[PDB]
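Visitor: Pasting a structure here, questions to come.
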12 protein chains.
Amino acid sequence: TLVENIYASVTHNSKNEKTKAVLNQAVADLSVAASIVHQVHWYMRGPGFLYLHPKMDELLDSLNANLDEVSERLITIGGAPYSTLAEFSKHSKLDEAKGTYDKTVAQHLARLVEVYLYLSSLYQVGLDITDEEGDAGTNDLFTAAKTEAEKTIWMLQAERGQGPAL
Amino acid sequence: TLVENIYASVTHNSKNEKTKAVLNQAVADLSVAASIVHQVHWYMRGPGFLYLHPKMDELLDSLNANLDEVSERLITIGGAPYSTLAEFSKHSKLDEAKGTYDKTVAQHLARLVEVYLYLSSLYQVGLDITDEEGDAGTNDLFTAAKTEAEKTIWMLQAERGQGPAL
Amino acid sequence: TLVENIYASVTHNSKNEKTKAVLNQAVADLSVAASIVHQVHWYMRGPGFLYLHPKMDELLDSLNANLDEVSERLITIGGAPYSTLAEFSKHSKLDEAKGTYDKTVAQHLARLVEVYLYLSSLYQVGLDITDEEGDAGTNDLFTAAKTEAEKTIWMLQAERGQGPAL
Amino acid sequence: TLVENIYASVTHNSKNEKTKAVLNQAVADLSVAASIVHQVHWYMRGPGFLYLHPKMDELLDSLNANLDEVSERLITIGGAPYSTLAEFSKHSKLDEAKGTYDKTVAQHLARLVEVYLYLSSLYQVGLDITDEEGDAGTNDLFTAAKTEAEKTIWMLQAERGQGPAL
Amino acid sequence: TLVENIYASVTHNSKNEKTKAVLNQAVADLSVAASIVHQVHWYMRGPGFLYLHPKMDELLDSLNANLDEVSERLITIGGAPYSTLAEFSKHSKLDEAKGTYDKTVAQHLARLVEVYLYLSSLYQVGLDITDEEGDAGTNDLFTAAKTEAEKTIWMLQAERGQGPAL
Amino acid sequence: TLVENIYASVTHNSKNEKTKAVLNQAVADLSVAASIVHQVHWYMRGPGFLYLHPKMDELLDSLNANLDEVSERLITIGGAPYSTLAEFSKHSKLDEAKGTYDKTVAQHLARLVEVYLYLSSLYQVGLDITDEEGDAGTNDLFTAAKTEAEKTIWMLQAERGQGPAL
Amino acid sequence: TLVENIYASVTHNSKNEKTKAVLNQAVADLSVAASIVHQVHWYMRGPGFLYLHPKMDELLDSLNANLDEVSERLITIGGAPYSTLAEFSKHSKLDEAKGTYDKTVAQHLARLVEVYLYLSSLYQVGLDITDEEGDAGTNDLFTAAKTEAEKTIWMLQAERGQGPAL
Amino acid sequence: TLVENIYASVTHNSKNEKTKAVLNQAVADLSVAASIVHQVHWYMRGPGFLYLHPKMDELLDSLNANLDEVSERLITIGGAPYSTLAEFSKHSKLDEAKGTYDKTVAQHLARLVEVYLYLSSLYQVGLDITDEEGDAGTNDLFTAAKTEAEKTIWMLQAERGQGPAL
Amino acid sequence: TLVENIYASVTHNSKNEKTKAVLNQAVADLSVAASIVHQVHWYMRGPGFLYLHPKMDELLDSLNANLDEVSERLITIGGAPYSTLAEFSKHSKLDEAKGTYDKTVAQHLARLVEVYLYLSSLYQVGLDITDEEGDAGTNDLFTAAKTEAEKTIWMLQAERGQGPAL
Amino acid sequence: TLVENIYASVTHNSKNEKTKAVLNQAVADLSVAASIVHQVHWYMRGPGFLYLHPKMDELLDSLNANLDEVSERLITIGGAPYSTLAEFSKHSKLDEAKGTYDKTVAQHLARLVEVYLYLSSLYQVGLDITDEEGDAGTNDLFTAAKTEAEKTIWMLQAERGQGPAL
Amino acid sequence: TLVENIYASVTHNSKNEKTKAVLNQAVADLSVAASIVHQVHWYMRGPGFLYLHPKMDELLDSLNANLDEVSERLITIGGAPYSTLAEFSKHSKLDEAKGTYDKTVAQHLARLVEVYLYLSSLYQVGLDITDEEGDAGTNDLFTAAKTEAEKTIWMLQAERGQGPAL
Amino acid sequence: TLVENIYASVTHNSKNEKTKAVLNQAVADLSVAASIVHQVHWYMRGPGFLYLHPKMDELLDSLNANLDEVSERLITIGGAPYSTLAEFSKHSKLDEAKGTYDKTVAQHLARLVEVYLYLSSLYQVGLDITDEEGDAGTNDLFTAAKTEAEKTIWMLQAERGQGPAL
Ligand SMILES: [Cl-]
Ligand SMILES: [Cl-]
Ligand SMILES: [Cl-]
Ligand SMILES: [Cl-]
Ligand SMILES: [Cl-]
Ligand SMILES: [Cl-]
Ligand SMILES: [Cl-]
Ligand SMILES: [Cl-]
Ligand SMILES: [Cl-]
Ligand SMILES: [Cl-]
Ligand SMILES: [Cl-]
Ligand SMILES: [Cl-]
Ligand SMILES: [Zn+2]
Ligand SMILES: [Zn+2]
Ligand SMILES: [Zn+2]
Ligand SMILES: [Zn+2]
Ligand SMILES: [Zn+2]
Ligand SMILES: [Zn+2]
Ligand SMILES: [Zn+2]
Ligand SMILES: [Zn+2]
Ligand SMILES: [Zn+2]
Ligand SMILES: [Zn+2]
Ligand SMILES: [Zn+2]
Ligand SMILES: [Zn+2]
Ligand SMILES: [Zn+2]
Ligand SMILES: [Zn+2]
Ligand SMILES: [Zn+2]
Ligand SMILES: [Zn+2]
Ligand SMILES: [Zn+2]
Ligand SMILES: [Zn+2]
Ligand SMILES: [Zn+2]
Ligand SMILES: [Zn+2]
Ligand SMILES: [Zn+2]
Ligand SMILES: [Zn+2]
Ligand SMILES: [Zn+2]
Ligand SMILES: [Zn+2]
Ligand SMILES: [Zn+2]
Ligand SMILES: [Zn+2]
Ligand SMILES: [Zn+2]
Ligand SMILES: [Zn+2]
Ligand SMILES: [Zn+2]
Ligand SMILES: [Zn+2]
Ligand SMILES: [Zn+2]
Ligand SMILES: [Zn+2]
Ligand SMILES: [Zn+2]
Ligand SMILES: [Zn+2]
Ligand SMILES: [Zn+2]
Ligand SMILES: [Zn+2]
């Protein structure tokens with residue numbers, strides 16, 4: 001599963017080391033996810049743009065709220081968040097591609113769903129790790145982020161005419 | 001001057017090509033500037049943290065508003081904004097360093113001042129280019145961004161006990 | 001007509017008996033209409049979900065405001081509103097079907113239009129009855145509810161690419 | 001205990017089947033609870049009506065917020081919520097009776113307390129099931145709903161001159 | 001009936017003379033009703049004071065909104081509203097008594113119910129008269145005031161443990 | 001009377017044809033009335049300008065709210081509103097004159113009063129027609145618009161030192 | 001002086017008897033003042049109506065706030081406020097006259113100034129009495145009411161082209 | 001009197017020494033009063049709880065606003081406020097008892113009235129002392145606090161069915 | 001180009017004559033543009049209506065804000081704005097057609113894009129003229145209006161699946 | 001012209017020296033203008049006072065916002081604003097006279113118009129100077145201030161019954 | 001003392017002459033104090049600028065609210081406030097110095113404390129004078145201004161690491 | 001560890017006895033913590049006071065929100081919260097000292113950090129106990145309080161120039 005792979009990857013490289021590592025992974029991934037969402041906001045063309053475009057700023061605002069919270073939680077528990085674009089891009093497991101206006105609305109929606117599926121799996125790894133290390137506060141952070149990610153998947157999937165398939 | 005160098009660099013690589021290039025340069029630089037500001041928000045330690053920390057989120061909100069406006073202006077006039085972290089980091093003329101908690105408040109303030117001085121010079125290049133190409137709307141965008149950057153320099157300089165020296 | 005049939009049905013089973021009966025019919029029908037609208041809110045899949053889904057909560061809020069007003073009006077004039085789910089379901093003239101994700105957006109819109117057409121006809125019966133019995137206050141309630149129902153039909157019909165055909 | 005009986009009943013009829021079943025049970029029960037609360041709102045007579053009546057709309061608003069959240073959570077995790085009045089009434093473990101103006105304020109308060117005691121027990125079953133199946137997000141939903149139900153029991157009990165006895 | 005008596009009295013002493021007379025009667029009666037409500041606000045003693053006291057200011061605000069609207073409507077249609085305390089007190093059909101702290105909460109509630117019953121009957125006379133004279137705008141004013149008066153009767157009656165008996 | 005003439009004119013050129021015609025007449029007249037009000041807003045000179053000028057924007061906002069409501073009501077009941085400036089100007093019974101700064105404040109006030117007197121008479125025709133055709137919803141629309149027009153006449157007349165003379 | 005006469009009159013008919021008497025005098029006078037202000041609100045005709053009319057509702061709101069505060073203060077200190085229109089009209093030292101549309105704006109302004117001059121003198125008597133009886137709380141109430149009355153005199157006088165002459 | 005005893009006690013142990021002592025006495029007493037009010041908020045059982053419980057938080061918010069103001073005033077005039085729970089409890093003249101759920105609503109109301117009667121007497125001592133020492137600013141603070149305390153006594157007494165008896 | 005033609009047309013028929021002429025041209029064109037937008041608001045049918053319909057009121061509000069600003073600017077600089085529907089319709093370079101429900105959503109979007117392209121070209125003429133005549137304030141007005149028009153073109157084009165092509 | 005004289009005067013006594021001088025001139029003049037406006041606010045007597053008086057506080061608020069912006073802009077670009085009353089009064093080109101209550105409303109309006117005409121001419125000098133020295137940000141500041149000054153002239157002139165004559 | 005000297009000075013040059021003189025002294029001093037505060041706002045450099053700078057605008061807003069209130073009180077009681085910068089500067093007992101960026105934060109804080117100490121002493125003189133002349137309303141104005149000045153001294157002193165020493 | 005000691009102490013003296021004991025311990029400790037925070041609010045002197053002082057009221061508001069929630073949770077689950085100052089002071093594990101103005105800002109910050117470290121350890125004990133006893137609702141309460149305490153430690157530590165060291 002992606003969850004096993006994320007776990008393996010996060011814990012490859014102190015009592016809360018794995019929690020710090022998974023939080024930092026989320027710093028990088030939230031930063032890349034925000035960049036991807038912004039790309040949709042800007043490059044989208046097609047019917048529905050007029051409600052999808054502002055929807056991207058709502059998703060963006062939430063991703064950025066997640067980022068600040070995750071990173072401040074990481075600092076709070078004695079870690080050191082990635083804090084440069086090169087660190088985000090190297091450590092994130094999300095890929096980016098050059099923006100192009102010729103992607104269809106359907107392609108943007110599928111990409112967003114993949115981003116949120118990835119984030120929900122990362123957060124599940126965050127749940128497992130924080131349970132193992134006994135960090136209830138960070139577990140609650142990951143629980144809320146996963147729950148919101150899953151709801152977002154359901155809604156984007158619905159917009160695509162599909163079930164949540166999460 | 002930095003202004004001459006930015007101009008040379010922007011126009012090194014259609015009736016509004018240079019305006020599009022300078023806007024895109026601003027996309028990259030605003031993105032890196034936001035990242036730098038976030039790093040201060042997170043890594044700062046020292047007396048004054050309790051008002052400087054939320055001040056960074058205000059600066060961040062403004063930089064991100066600038067970014068969206070600049071990028072949508074670029075799209076509007078027929079360009080294609082950078083829209084990945086790797087593009088921001090490669091094309092930006094701002095450098096980033098790994099976050100460290102041992103930077104002093106004075107070092108963070110000096111870094112912010114350098115970022116805003118850089119942005120104000122970039123915007124001056126934007127003014128020259130948009131005047132040359134007759135893009136009044138983009139000229140107004142750069143005028144407001146420069147004016148706000150300059151005010152920010154004055155205030156950060158004041159916090160450092162210095163004059164604006166812009 | 002549906003109006004004749006609703007009238008016949010309402011008045012089949014005191015100076016304001018028919019007004020009380022038509023108000024109570026509206027209690028049952030508003031309750032079922034709200035349930036139907038909620039089903040669309042939940043089960044819808046397809047392009048447009050992202051504005052249609054919150055639109056259902058707006059329609060729902062209005063139906064529930066109608067319900068409380070109608071029921072309190074009924075109480076106020078000396079009646080006794082239905083106040084259990086089994087009473088709503090037995091006395092309502094609206095049918096419900098088990099939710100299914102495979103209904104198309106077009107089917108949900110057609111169903112909503114039928115619900116509002118039904119409600120507007122019920123309210124017309126409410127107008128006739130309250131005029132006959134001289135209840136100006138309840139007549140005004142039905143007038144506003146009918147007017148809002150008719151506007152809703154026009155807008156939902158427009159979303160379907162059709163005229164109001166009311 | 002009621003908790004054992006609810007569990008037995010929910011799980012009588014895939015990795016998250018029991019979580020889906022308990023969420024759907026909550027759909028039905030929240031719907032019936034809202035109906036019961038509305039009946040108090042409408043039929044109550046006696047000293048205190050003027051603050052108890054609007055209190056019922058507050059309880060109602062919260063029950064309806066719970067309903068939408070529970071049902072959207074159910075959809076999100078791959079289930080299918082009850083979405084007709086006949087399904088709510090058949091599957092709910094709460095009974096309803098015909099409204100009557102001759103119930104005393106004390107009887108309405110006792111009924112509300114029983115409804116919330118039932119809901120808190122249902123949510124405890126939701127906690128057990130979501131812990132067993134590893135659904136942290138749904139566990140958090142049930143935790144918050146139980147906590148709010150318990151607080152509501154304490155306050156309604158206090159209004160009756162009694163301790164929470166939960 | 002009180003309605004017949006109010007009508008007789010109003011029309012005892014131009015195309016809209018009776019509408020003007022009934023509006024002016026409402027000026028006087030709303031003014032006295034407000035005074036009565038204020039007396040309850042001030043003189044009430046007993047359990048429930050803490051929600052009944054502010055409830056009187058809500059009733060008062062509505063009565064005063066009614067007064068201004070009625071009086072401006074009267075002016076608008078070519079009449080001349082009573083506009084002194086002696087005119088209100090002489091022409092009103094409501095009686096006042098000296099305030100006393102020894103009235104019970106039950107007595108205040110009964111008095112308020114009588115005031116609103118009187119006002120609803122006056123408004124019914126306003127409905128009959130405005131229908132007869134073809135003043136739709138003033139008819140709508142009386143319809144809304146009657147509907148609000150009737151709702152108020154239902155709620156005050158409920159607080160007394162009684163049905164609306166309107 | 002003007003009312004007879006408006007009626008004759010509206011019904012000169014289906015169960016609700018006259019209601020549709022009178023609504024469409026209101027579309028044209030509201031559009032011209034708004035234009036006239038705007039002309040006062042712009043061209044007025046004289047003492048009182050500083051409260052009369054913003055008063056024109058309030059009158060304008062209300063006229064435009066009326067216009068949208070009337071036109072959407074017309075659409076809702078199966079008609080087709082005028083929707084070009086040439087249609088408004090040809091079908092409106094209100095005349096316009098070229099703006100001039102030499103009109104006195106008194107002349108602007110007299111003109112506004114004539115506009116509102118005209119609109120109130122048109123709305124009376126709307127009342128008669130909607131009563132005849134049994135359109136309660138449109139009757140309520142015209143009732144509220146007439147009532148507001150009449151109040152506006154009273155206030156503008158008062159500003160002129162005159163009675164409503166409606 | 002009017003102050004001597006008010007004092008004589010108030011104290012003509014326990015440790016705080018005079019404070020209670022002066023507060024009750026204010027109950028009656030505030031009630032009559034509000035009635036007078038309302039009469040101006042309704043009957044005024046002439047240039048300036050459009051800002052003077054809403055100004056009367058502001059003055060009215062303040063007078064009614066004064067009334068409630070004065071009367072609740074009276075209750076609080078062990079008195080019994082006038083609470084019927086006949087008591088207000090008999091005990092007030094302000095006279096009322098039948099409303100007439102032929103009063104000029106200048107006459108309304110002069111009347112308001114006389115009302116406020118009277119109230120400020122009454123409040124001065126309230127200051128003297130509360131100082132004599134050692135009621136600091138009621139003294140503060142009268143101080144604020146006098147200060148506001150005096151400011152109102154200055155502004156109304158200014159509108160008349162006159163100095164405060166208080 | 002209690003006032004004489006408070007004075008004696010306050011001034012038992014510089015130009016404003018007595019003002020500082022009475023302010024500090026208020027620090028201690030406001031702190032204990034807040035604790036007592038909180039105890040009612042938590043331990044109350046009986047009809048009326050649902051409006052009395054939030055009423056305690058309003059009383060609490062005001063007591064805490066008083067506390068901060070009194071203590072900052074004390075600091076401002078050169079004193080040193082009590083600032084530990086042991087100082088509040090030792091120096092306050094209010095007694096506390098262990099919370100118990102078996103106190104009746106009537107007992108809680110009587111206790112609150114005693115607390116406010118005590119506070120109003122303390123504030124009267126504050127008035128006498130600040131007058132004697134010429135501290136107008138602190139006199140105004142005590143005047144407003146006494147006036148609010150007295151109003152609170154009137155309202156709580158009314159809820160008990162009694163007059164203010166202050 | 002359209003820009004050359006608008007210029008030629010505006011300046012065909014004092015130090016700021018051309019600025020006044022171009023502002024007045026904008027008065028006429030903004031008025032016709034608003035009418036066209038309203039026609040879309042009313043006549044549109046098809047999927048997307050539910051977000052496109054309110055989008056038209058946003059566009060309308062902005063066009064009307066532009067109109068008032070342009071016209072007040074014209075007055076301010078010594079001109080005389082068109083202020084009748086016949087002047088708007090004769091002098092505007094925008095054509096209108098009778099509303100019809102059979103236009104597709106795509107046709108409405110194309111028409112809006114043409115309107116905004118026209119307005120942006122008119123504003124460019126306004127920029128050239130105000131630069132030539134040295135009217136910086138009016139130049140700023142046209143700059144902001146052009147920038148907003150261009151952004152609107154980009155967004156409407158995106159909704160059509162197209163690039164801005166401005 | 002006044003513009004030539006202001007220019008001569010400003011530049012009588014570094015790359016942005018003239019921009020700094022004109023900004024500082026505006027510091028002094030805005031300060032004196034605010035003082036003049038305050039004098040009207042206080043000393044005015046005559047019909048219209050009740051809307052003109054609060055209008056002066058609006059003008060005052062804007063002048064003070066201008067002052068802070070101008071002065072902070074001056075600081076930002078490396079200057080040193082006047083910051084004492086004696087500097088404002090010596091360097092301002094506006095004269096003040098002792099307040100007197102015998103100035104007519106017409107005299108106050110004429111004085112305000114002269115103040116704003118002066119300020120608009122000063123801002124024109126600011127435009128010329130900032131264009132010459134290439135300070136786009138300060139040019140934008142002067143453009144907005146001039147545009148607002150000109151609008152204010154138009155409105156005050158209108159209140160006087162005159163055209164803008166700017 | 002400064003209080004004796006202010007008194008002597010104020011009363012050196014009718015029943016309320018001294019109250020008018022002390023109010024006018026406050027007009028001049030508040031105006032100079034505002035100017036001084038503005039100078040700190042602009043010229044400050046040093047750590048803490050970022051919270052001290054906006055703190056100056058808060059102090060400024062309060063000083064300007066004081067100024068308007070004092071001056072309107074003076075007008076209200078029959079005086080004539082200073083209303084030119086030259087009058088403020090001549091009659092104020094506060095001195096100003098040319099702004100300079102080389103003042104330290106500590107120097108600005110000490111200066112502000114001296115300004116507020118001066119104002120509190122002036123207000124004490126206002127208290128003595130208004131007590132002597134029996135002007136309770138103006139006494140209350142000075143009491144509130146003194147109390148606020150004293151609190152401000154305490155807080156600024158605290159920022160300096162000092163006690164209030166008032 | 002402190003956690004072991006708190007646990008030992010809490011459980012030294014029914015299915016949820018330990019949860020009730022730890023909640024009650026939090027009642028006492030939150031009450032003492034609030035008192036300590038208030039002492040800093042009042043007694044602090046030194047640079048930074050102007051942002052640290054209001055920061056204490058924010059911390060205080062949160063501590064008091066925690067207190068009410070904890071205590072109501074305790075009541076809700078069948079316990080009895082401490083509710084007198086003597087109980088808080090005896091049972092709290094936090095010590096208080098007499099306020100003194102000579103504590104440095106650094107000492108206040110260190111004390112606050114110790115308070116929050118203590119509270120976070122107490123909440124960890126609350127987590128362990130609620131997990132052991134199966135109280136998910138109280139576990140969530142302690143999780144949120146711990147998370148907020150930890151964030152507060154990070155920020156206060158940062159203000160001291162230190163890492164969170166939690
Ligand atoms: Cl890296
Ligand atoms: Cl690249
Ligand atoms: Cl049934
Ligand atoms: Cl079923
Ligand atoms: Cl009479
Ligand atoms: Cl036509
Ligand atoms: Cl009497
Ligand atoms: Cl002690
Ligand atoms: Cl023409
Ligand atoms: Cl000088
Ligand atoms: Cl002088
Ligand atoms: Cl104890
Ligand atoms: Zn956008
Ligand atoms: Zn955006
Ligand atoms: Zn790395
Ligand atoms: Zn933060
Ligand atoms: Zn942040
Ligand atoms: Zn690249
Ligand atoms: Zn939803
Ligand atoms: Zn929903
Ligand atoms: Zn049945
Ligand atoms: Zn209700
Ligand atoms: Zn309700
Ligand atoms: Zn079933
Ligand atoms: Zn009250
Ligand atoms: Zn009240
Ligand atoms: Zn009479
Ligand atoms: Zn305007
Ligand atoms: Zn306007
Ligand atoms: Zn036609
Ligand atoms: Zn009115
Ligand atoms: Zn009114
Ligand atoms: Zn009497
Ligand atoms: Zn509570
Ligand atoms: Zn509470
Ligand atoms: Zn002690
Ligand atoms: Zn619409
Ligand atoms: Zn619309
Ligand atoms: Zn023409
Ligand atoms: Zn004023
Ligand atoms: Zn003012
Ligand atoms: Zn100088
Ligand atoms: Zn600033
Ligand atoms: Zn500022
Ligand atoms: Zn002088
Ligand atoms: Zn404070
Ligand atoms: Zn505080
Ligand atoms: Zn104990």
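Ordering of the structure tokens sets the chain letters (A, B, ...); residue numbers start at 1 within each chain; ligands are numbered from 1 in the order shown.
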Need to verify the contact set: range 103-118 of chain C, 10 Å, only C-alpha atoms, exclusion of same-chain residues closer than 6 positions in sequence. Can you return it as an MDAnalysis selection string?
Guide: (chainID A and resid 161) or (chainID C and resid 2:3 6 29:30 32:34 36:37 39:41 43:49 52 56 59 93:95 124 146 148:157 159:160 164:166) or (chainID I and resid 47)
Visitor: Neighbours of ligand 44 at 7 Å or closer, counting only C-alpha atoms and all ligand atoms: which residues, as a list in words?
Guide: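 My answer, listing the contacting residues, is residues 68 of chain J; 41, 54 and 57 of chain K.
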Visitor: Do me a favour and pick out the residues of chain C within 8 Å of chain D, using only C-alpha atoms, as a ChimeraX atom specification.
Guide: /C:32,35-36,38-39,42,71-72,75,80-86,88-89,96-100
Visitor: Write the residues of the selection above to a file with N, CA and C atoms, as an mmCIF file, in the first residue's frame.
Guide:
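So selection_6.cif came out as:
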```cif
data_model
loop_
_atom_site.group_PDB
_atom_site.id
_atom_site.type_symbol
_atom_site.label_atom_id
_atom_site.label_comp_id
_atom_site.auth_asym_id
_atom_site.auth_seq_id
_atom_site.Cartn_x
_atom_site.Cartn_y
_atom_site.Cartn_z
ATOM 1 N N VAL C 32 -41.547 16.144 4.145
ATOM 2 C CA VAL C 32 -41.101 15.183 3.136
ATOM 3 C C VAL C 32 -40.228 15.884 2.085
ATOM 4 N N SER C 35 -36.746 16.195 3.373
ATOM 5 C CA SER C 35 -36.100 14.899 3.297
ATOM 6 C C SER C 35 -35.599 14.621 1.864
ATOM 7 N N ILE C 36 -36.441 14.911 0.872
ATOM 8 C CA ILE C 36 -36.089 14.707 -0.552
ATOM 9 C C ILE C 36 -34.883 15.584 -0.952
ATOM 10 N N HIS C 38 -32.644 16.823 1.066
ATOM 11 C CA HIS C 38 -31.472 16.286 1.741
ATOM 12 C C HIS C 38 -30.909 15.106 0.941
ATOM 13 N N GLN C 39 -31.785 14.262 0.413
ATOM 14 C CA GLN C 39 -31.326 13.110 -0.372
ATOM 15 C C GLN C 39 -30.519 13.556 -1.588
ATOM 16 N N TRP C 42 -27.063 14.694 -0.531
ATOM 17 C CA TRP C 42 -26.139 13.610 -0.194
ATOM 18 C C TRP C 42 -25.734 12.710 -1.372
ATOM 19 N N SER C 71 -46.220 25.447 10.833
ATOM 20 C CA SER C 71 -46.645 24.710 11.982
ATOM 21 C C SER C 71 -47.002 25.656 13.153
ATOM 22 N N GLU C 72 -46.210 26.706 13.373
ATOM 23 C CA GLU C 72 -46.549 27.671 14.416
ATOM 24 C C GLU C 72 -47.797 28.461 14.087
ATOM 25 N N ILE C 75 -50.625 26.081 15.012
ATOM 26 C CA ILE C 75 -50.811 26.097 16.453
ATOM 27 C C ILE C 75 -51.547 27.378 16.885
ATOM 28 N N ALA C 80 -53.308 21.555 15.509
ATOM 29 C CA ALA C 80 -52.386 20.618 16.128
ATOM 30 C C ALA C 80 -51.547 20.016 14.994
ATOM 31 N N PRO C 81 -50.299 20.482 14.804
ATOM 32 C CA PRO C 81 -49.502 19.994 13.659
ATOM 33 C C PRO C 81 -49.033 18.550 13.810
ATOM 34 N N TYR C 82 -48.927 17.858 12.671
ATOM 35 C CA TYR C 82 -48.248 16.567 12.656
ATOM 36 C C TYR C 82 -46.862 16.825 13.223
ATOM 37 N N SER C 83 -46.329 15.858 13.952
ATOM 38 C CA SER C 83 -45.100 16.106 14.681
ATOM 39 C C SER C 83 -44.380 14.790 14.920
ATOM 40 N N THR C 84 -44.615 13.816 14.032
ATOM 41 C CA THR C 84 -43.823 12.586 14.011
ATOM 42 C C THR C 84 -43.538 12.206 12.569
ATOM 43 N N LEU C 85 -42.447 11.473 12.370
ATOM 44 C CA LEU C 85 -42.025 11.115 11.016
ATOM 45 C C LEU C 85 -43.073 10.241 10.338
ATOM 46 N N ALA C 86 -43.672 9.325 11.089
ATOM 47 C CA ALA C 86 -44.735 8.475 10.551
ATOM 48 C C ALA C 86 -45.971 9.294 10.116
ATOM 49 N N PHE C 88 -45.810 12.490 9.067
ATOM 50 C CA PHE C 88 -45.372 13.197 7.854
ATOM 51 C C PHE C 88 -45.456 12.280 6.640
ATOM 52 N N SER C 89 -44.912 11.078 6.780
ATOM 53 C CA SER C 89 -44.809 10.133 5.662
ATOM 54 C C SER C 89 -46.173 9.590 5.204
ATOM 55 N N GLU C 96 -41.300 9.223 -1.524
ATOM 56 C CA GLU C 96 -39.859 9.172 -1.453
ATOM 57 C C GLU C 96 -39.391 7.837 -1.994
ATOM 58 N N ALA C 97 -38.177 7.809 -2.516
ATOM 59 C CA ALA C 97 -37.543 6.542 -2.893
ATOM 60 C C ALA C 97 -36.197 6.430 -2.198
ATOM 61 N N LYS C 98 -35.751 5.193 -2.012
ATOM 62 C CA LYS C 98 -34.452 4.929 -1.432
ATOM 63 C C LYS C 98 -33.386 5.701 -2.205
ATOM 64 N N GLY C 99 -32.458 6.314 -1.485
ATOM 65 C CA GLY C 99 -31.373 7.035 -2.138
ATOM 66 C C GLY C 99 -30.502 6.093 -2.960
ATOM 67 N N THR C 100 -30.037 6.583 -4.086
ATOM 68 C CA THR C 100 -29.102 5.837 -4.886
ATOM 69 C C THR C 100 -28.143 6.840 -5.569
#
```
Visitor: Between CA of residue 7 in chain B and CA of residue 120 in chain B, measure the distance and give it in Å to one decimal.
Guide: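 So the answer is 12.9 Å.
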Visitor: Taking into account only C-alpha atoms, which residue in the set K:20, K:25, K:91, K:51 is nearest to residue 76 in chain K?
Guide: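 When distances to residue 76 in chain K are compared using only C-alpha atoms, the smallest one comes from K:20.
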Visitor: So how far away is CA of residue 1 in chain I from CA of residue 122 in chain I, in Å?
Guide: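 One can read the CA of residue 122 in chain I to CA of residue 1 in chain I distance as 11.4 Å.
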Visitor: Name the residues of range 6-125 of chain G that come out as helix (DSSP H, G or I) in a backbone DSSP run; write them as a VMD selection string.
Guide: chain G and resid 6 to 12 17 to 43 49 to 76 85 to 91 105 to 125
Visitor: Can you tell me how far CA of residue 138 in chain K sits from CA of residue 143 in chain G, in Å to one decimal?
Guide: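 Separation of CA of residue 138 in chain K and CA of residue 143 in chain G: 9.3 Å.
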Visitor: Quick one: residues within 12 Å of residue 17 in chain J, only C-alpha atoms counted, chain neighbours fewer than 2 positions away excluded, as a ChimeraX atom specification?
Guide: /J:10-15,19-24,74,77-80,129-130,132-135
